[PDB]
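Structure first, then comments.
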Amino acid sequence: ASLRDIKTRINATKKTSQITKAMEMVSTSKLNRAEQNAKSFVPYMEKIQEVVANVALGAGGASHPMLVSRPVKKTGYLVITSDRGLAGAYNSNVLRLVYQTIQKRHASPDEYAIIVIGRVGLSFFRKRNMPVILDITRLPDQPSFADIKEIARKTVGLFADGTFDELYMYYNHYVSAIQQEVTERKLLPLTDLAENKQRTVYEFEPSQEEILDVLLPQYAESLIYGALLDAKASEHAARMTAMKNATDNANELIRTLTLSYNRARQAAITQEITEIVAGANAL
Amino acid sequence: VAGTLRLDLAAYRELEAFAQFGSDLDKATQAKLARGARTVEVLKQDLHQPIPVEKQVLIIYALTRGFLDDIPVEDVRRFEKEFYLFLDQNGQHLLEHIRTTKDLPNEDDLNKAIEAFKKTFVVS
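Quick mapping for you: the protein sequence lines, in order, are chains G and A.
Under the entry's author numbering, the first sequence is numbered contiguously, ending at residue 284.
Under the entry's author numbering, the second sequence is numbered contiguously, ending at residue 501.
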């Protein structure tokens with residue numbers, strides 16, 4: 002431990018602390034911008050729940066494959082991760098919980114399907130030699146329903162009920178800044194139909210039972226969009242916490258480094274002075 | 378004129394690490410980055426060419442009042458040289474007033490002159 006070495010480490014920790022604070026501020030802006038997108042989709046969800054709350058309970062559809070029925074038997078899984086690196090436990094928590102649940106629910110590897118958004122977290126299941134069906138790597142920090150429309154169209158073209166009947170989606174849910182909780186909710190078939198209010202009767206004279214086959218794909222895509230927005234908000238929260246901890250650790254290291262530097266400088270000067278005075282007195 | 382430029386430099390100096398990414402909040406932070414880059418580029422100077430105080434304060438006022446937010450940051454030196462030439466051409470009244478009073482000239486006339494030079498300038 003040399004004086005100049007400690008000086009170099011000190012200035013390096015200075016710049017690193019500045020960078021971590023800057024990226025923490027950037028993550029703050031990202032979360033602030035993403036939260037309005039998260040809360041602006043609730044009316045569409047409530048409209049879908051309103052238009053569906055009188056249909057399944059109204060016996061409009063008999064045995065539609067999406068309407069509480071089993072299409073062709075093939076059990077799949079949905080998982081969403083982050084795709085910009087240093088987030089903390091955001092990726093690890095979901096990728097661990099899904100693996101633990103898979104080890105008890107799934108039959109054998111290389112048999113079931115996985116759908117991942119974010120190659121950064123996808124690489125875990127890649128090393129876990131799982132088959133990838135649909136993958137999304139690059140997307141804006143503020144994705145829109147228009148942006149997700151292409152992936153939704155693929156998700157209803159392939160993955161459709163003629164090919165796929167079960168899904169389980171895994172993601173991180175924004176519960177608090179301290180920690181973003183992970184959940185496991187199935188996509189299809191719908192478990193039950195809850196009612197938002199009393200049965201607002203509508204007229205279905207276009208068709209009594211041919212509206213389900215289009216109404217329910219919208220149900221699936223709306224749920225997918227909801228999962229995506231929850232995952233993005235949770236990612237931003239994870240980055241918040243990780244960068245705050247990084248800056249705090251940097252400052253804590255800095256104070257001790259400065260203390261050791263001062264002690265070293267004092268020791269060096271006192272030893273040099275003693276050497277000089279002894280050399281002078283020796284004559 | 379010195380104080381505003383001093384605060385601008387102080388604000389820009391602490392945000393030099395933001396320039397690596399465009400994810401910056403544009404209205405405040407990117408404005409500060411552009412202003413700081415322009416101010417630094419103005420503050421650069423060559424050797425053995427002292428600048429008279431009147432021209433110094435002229436260029437500092439022009440930069441401070443935001444009149445240079447449009448010129449590309451890679452042409453500010455040429456802009457400055459051409460502005461000195463133009464001031465030598467027809468700014469002699471403002472130069473004489475500054476010389477004889479140590480005070481800023483009339484802001485309206487100053488703005489008119491700098492607007493005329495900005496109009497007559499060509500961007501590269």
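All C-beta atoms in this analysis are idealised placements derived from N, C-alpha and C, irrespective of residue type, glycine included.
| query | Out of G:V278, G:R264, G:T257, which has the shortest C-alpha to C-alpha gap to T14 (chain G)? | reply | G:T257
| Range of the contiguous beta strand (DSSP E) that encloses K187 (chain G) | 182-187
| field | 8 Å Cβ cutoff, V27 (chain G) in contact with chain A | value | yes
| How many Å lie between residue 508 (chain A) and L471 (chain A) at the Cα? | The structure shown does not extend to residue 508 (chain A), since chain A is modelled only from 378 through 501, so no value can be given for it.
| message | Tell me the DSSP secondary structure of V499 (chain A) in three-state form. | response | coil
| message | If the cut-off is 9 Å on Cβ atoms, which residues from the stretch 240-254 of chain G count as contacting chain A, listed in chain order? | response | none
| Is it true that the stretch 133-149 of chain G meets the stretch 54-61 of chain G, where meeting means three or more beta-carbon pairs spaced less than 8 Å apart? | no
| field | Whole-Å CB distance - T82 (chain G) paired with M244 (chain G), under 8 Å assumed | value | So it is not a contact: roughly 19 Å between Cβ atoms.
| Proximity winner among G:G61, G:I149, G:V73, G:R266, relative to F160 (chain G) (alpha-carbon distances) | G:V73
| Does the beta carbon of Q19 (chain G) sit closer than 8 Å to a beta carbon anywhere in chain A? | yes
| Cβ-based burial, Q181 (chain G) [other Cβ within 10 Å; buried from 16] | buried
| At a CB-CB cut-off below 7 Å, which residues of chain G make contact with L462 (chain A)? | Going along chain G, no residue has its Cβ under 7 Å from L462 (chain A), so there is no contact; the nearest lies around 41 Å.
| field | Where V117 (chain G) falls: helix, strand or coil (DSSP) | value | strand
| request: Measure from the C-beta of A23 (chain G) to each C-beta in chain A and report whether the shortest distance is under 8 Å. | output: yes
| request: Identify the contact partners of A394 (chain A) in chain G, using a Cβ-Cβ distance below 7 Å as the criterion. | output: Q19, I20, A23
| message | Short of 7 Å Cβ to Cβ, which residues in the stretch 145-162 of chain G face chain A? | response | none
| field | Identity of the residues DSSP links to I137 (chain G) by a beta bridge | value | G:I118
| Counting contacts by CB-CB distance shorter than 8 Å, is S83 (chain G) in contact with chain A? | no
| message | Please identify the residue among G:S223, G:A247, G:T259 whose C-alpha is closest to the C-alpha of residue 1 (chain G). | response | There is simply no residue 1 (chain G) to check, as chain G begins at 2 and stops at 284 in what is shown.
| task | Return helix, strand or coil for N55 (chain G), following the three-state DSSP convention. | result | coil
| Name the chain A residues that come within less than 8 Å of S30 (chain G), Cβ to Cβ? | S400, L402
| request: Could you tell me the boundaries of the alpha helix (DSSP H) in which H174 (chain G) lies? | output: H174 (chain G) -> not in any alpha helix (DSSP H); beta strand (DSSP E) instead, spanning 169-174.
| task | With DSSP collapsed to three states, give me the class of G77 (chain G). | result | strand
| field | alpha helix (DSSP H) segments (min. 4 residues) lying fully within the stretch 382-453 of chain A | value | 408-420, 430-441
| request: Let me know if residue 288 (chain G) comes out buried or exposed under the rule of 16 or more other beta-carbons within 10 Å of its beta-carbon. | output: Within the shown structure, residues of chain G are numbered from 2 to 284, placing residue 288 (chain G) beyond reach of any answer.
| field | Supposed close pair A234 (chain G), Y175 (chain G) - CB separation, criterion 8 Å | value | 4 Å
| field | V69 (chain G) vs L191 (chain G) beta-carbon contact at 8 Å | value | yes
| query | In whole angstroms, what separates the C-alpha of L96 (chain G) from that of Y389 (chain A)? | reply | 42 Å
| Which residue comes first and which comes last in the alpha helix (DSSP H) that contains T192 (chain G)? | It is not in any alpha helix (DSSP H) - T192 (chain G) carries neither H nor E in the DSSP assignment.
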